[PDB]
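One chain is shown next in structure tokens, namely the form deposited in one PDB entry.
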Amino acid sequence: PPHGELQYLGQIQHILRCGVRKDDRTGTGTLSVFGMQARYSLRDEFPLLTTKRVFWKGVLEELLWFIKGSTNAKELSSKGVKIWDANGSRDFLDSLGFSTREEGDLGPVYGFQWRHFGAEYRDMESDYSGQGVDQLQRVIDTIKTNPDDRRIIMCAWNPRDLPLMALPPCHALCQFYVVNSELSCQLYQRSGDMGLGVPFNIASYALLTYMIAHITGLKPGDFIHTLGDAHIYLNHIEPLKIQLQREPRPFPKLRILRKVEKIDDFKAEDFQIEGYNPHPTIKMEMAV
């Protein structure tokens, strides 16, 4: 079969060639296409793009960070991953009307929604243990007791909390699916920065599926990536054209070195990416 990475490269080709110029919140301007989907096999291979070196350390730490239910950019930043620090800045928080909010407090985003959906948000320092719906655990439990369930959904998009977010989730929800001992996951990404966030986001959900398959005794199946506003920022056009001239390389594999029982038990050292031979890193300037 063909290299799964060609789907992503193909989506980049399409947007660059046929995407429509669409202004945006950041003011950078974009080339956009509405509605896209790709299927990444998770069977004996891991979808970490090769046409560009993907910041894997960032992916792994962000997910563990999400899993802990943290909304403090400081805690992830202490791991050497600064991807969310800009959004927790004093200046940025103020530009949204969050002047009384401490620096690093991203609001009730991902982690908070996944583990405490519906809980009354105070601040990043608050203890929400036992508050709200722990969707992640409910998803894990359902997969174990009734794998045929067609309602295995973890939703980050919370209408009543959007006002408190420094940035509404680019990932509204994801759905899990089990058939013949294989676990699949589909992500609905309402908005996708193709050159920066997407490659990262793909690896992230592929990792989450591996983690959940591991503790549920299942084999990773497919990761389906569904996009809403799939866009390429104007300043990413040139670097993306360089990346398109690169031939994909066999996807690496992901090894889980230890037998884990609970999702909260995983640690960075538990994972190992082997056979990852990517082309040189390509810098995509952040939009703001």
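For every residue, the number given is its place in the sequence shown, counted from 1. In this text, rigid core is short for the largest set of C-alphas that superpose within 1.5 Å between two forms.
Although not depicted, the form deposited in another entry is the subject of the following passage.
- Residue shifts between this form and the one not shown, rigid core superposed: of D123, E182, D149, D141, the only C-alpha displaced by 2 Å or more belongs to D123.
- With the core held fixed, the Cα of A166 is displaced between this form and the one not shown by 2 Å or more.
- The gap between the Cα atoms of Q272 and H171 is larger in the other form, by no less than 3 Å, than in this form.
- Cα-Cα spacing of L63 to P159 is reduced in the other form versus the present form (difference of at least 3 Å).
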